[PDB]
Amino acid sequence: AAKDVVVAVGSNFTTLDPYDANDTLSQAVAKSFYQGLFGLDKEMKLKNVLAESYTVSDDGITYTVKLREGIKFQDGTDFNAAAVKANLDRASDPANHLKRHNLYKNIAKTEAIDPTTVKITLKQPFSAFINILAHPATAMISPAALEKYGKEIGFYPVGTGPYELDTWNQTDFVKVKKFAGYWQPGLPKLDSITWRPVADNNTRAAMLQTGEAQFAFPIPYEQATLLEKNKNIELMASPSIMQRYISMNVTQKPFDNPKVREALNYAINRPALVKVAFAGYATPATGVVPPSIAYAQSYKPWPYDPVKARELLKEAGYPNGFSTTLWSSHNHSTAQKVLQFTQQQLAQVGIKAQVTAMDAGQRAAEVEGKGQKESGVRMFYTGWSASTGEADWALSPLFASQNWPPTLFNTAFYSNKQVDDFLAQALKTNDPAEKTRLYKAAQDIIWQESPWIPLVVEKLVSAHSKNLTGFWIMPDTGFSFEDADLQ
């Protein structure tokens, strides 16, 4: 019997060459034909994939990876230390100007000691490197295919995965078919997968209804109830890695005063916000890092208390609040309801905030491309996904004093001697204990200094036919379908 499943996704794909994509979706789909040395499961946990095992010098500089022998690429060629070298050399060559260059520029060189042994030496220590190797961007592509297609490799992928490219209709869909020579006997179980972009949200959910699609994501809030009521459809609300928050320019107006920051955090009723802006598909944030990320810490939740808040602003010296600005990035999602709710809650405590949604231009001009002594940024509503699955990318770009704009995304212009050093120390050790310890310390300082108003952490809403099993949504919004099957 023919097992042909259709997945209804959210947008169009950019490229099928992982190294050249900034959107998770395209990377997730390209996972049909590509595998990495390592990868993360649906709980965001480390797994050895094409790699058998690995070792790292106490110097943190040298990584020695053992590979599984006998694996073939979809074009008949062999997967070996040389192919890994070719994939890594290419990714770390700036001349290639591949969108994900920054994830490999720290690689000094890759050596093929033997067909099943790869020696990678970094320029500088970076304990999160193993995570970079498990990232869906680091795909092992066919050296032969890299040469045959050159710069068009992103259209005609050739990897070691369970599916081969059947055909791609730029706007219509990406259809992949079962690869007979897949290195794992018995897989895949499916004969084909058809990834179909469906921009209309209501239509996406509707297809699960008619049976037109067996899996879909994301699912609109209104359509959620409908689907969950259907016995042929399984609707899930899973944890994501999207942190929602409002940063405060800790070097400005009343925000320099830590009492104000502590105050404004009492002003927001988070459980109410999750209902009003996310339809209950999120949770109040009890940390600055989504708990699904490795090394994250969680704390006792912020109570909601307008009285405590107004009192604190008074002690601070603002018996009648004050006025400030609240910027958010222009979008069509839930942001709109978040702003209206927030400035309303802030109004209750006397904080007149002038909301403003900015397009790509103003955002890059007023928020990202601007330094402290110029920036107008005061209160900023935004979000962030640590797509590496570990604390560093969830913490450095947002709190490391060196990452203030236009360098990186520390919109709160926060800084702290200990945190910066704790973050730096973390990257120079590979001992889990030390790492959980170092990161835990930085987070405790951050949470207590409150440079933010951590709002919530979203929930991913997906749904699939009861018949489709082994098909999962990952916190980073990618898919895990190693053992997918149909009955």
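The first residue of the sequence shown is number 1, and the count goes up from there.
Visitor: For the C-alpha atoms alone, is the average B factor greater in 42 to 50 or in 23 to 31, going by the entry?
Guide: It is 42 to 50 that shows the higher mean C-alpha B-factor.
Visitor: Name the higher of the two by mean Cα B-factor in the PDB entry, 196 to 204 versus 217 to 225.
Guide: 217 to 225 has the higher mean C-alpha B-factor.
Visitor: Looking at 79, 163, 129, 404, which has the highest Cα B-factor in the entry?
Guide: Across 79, 163, 129, 404, the entry lists the biggest C-alpha B-factor for 404.
Visitor: Using the entry's values, work out which of 147, 172, 89, 305 has the largest Cα B factor.
Guide: That would be 172.
Visitor: Can you tell me which third, lowest, middle or highest, the CA B-factor of residue 432 falls into for its chain?
Guide: Top third by C-alpha B-factor.
Visitor: Name the third of the chain's ranked CA B-factors that contains residue 212, choosing lowest, middle or highest.
Guide: Its C-alpha B-factor belongs to the lowest third of this chain's values.
Visitor: Considering only modelled residues of the same chain, in which third does the CA B-factor of residue 301 rank: lowest, middle or highest?
Guide: Middle third - that is where residue 301 ends up once the chain's C-alpha B-factors are sorted.
Visitor: In terms of the chain's CA B-factor thirds, is residue 486 lowest, middle or highest?
Guide: Ranked within chain, residue 486 CA B lands in the middle tercile.
Visitor: According to the PDB entry, is the CA B factor of residue 385 in the bottom, middle or top third of its chain, that is, lowest, middle or highest?
Guide: Its C-alpha B-factor belongs to the lowest third of this chain's values.
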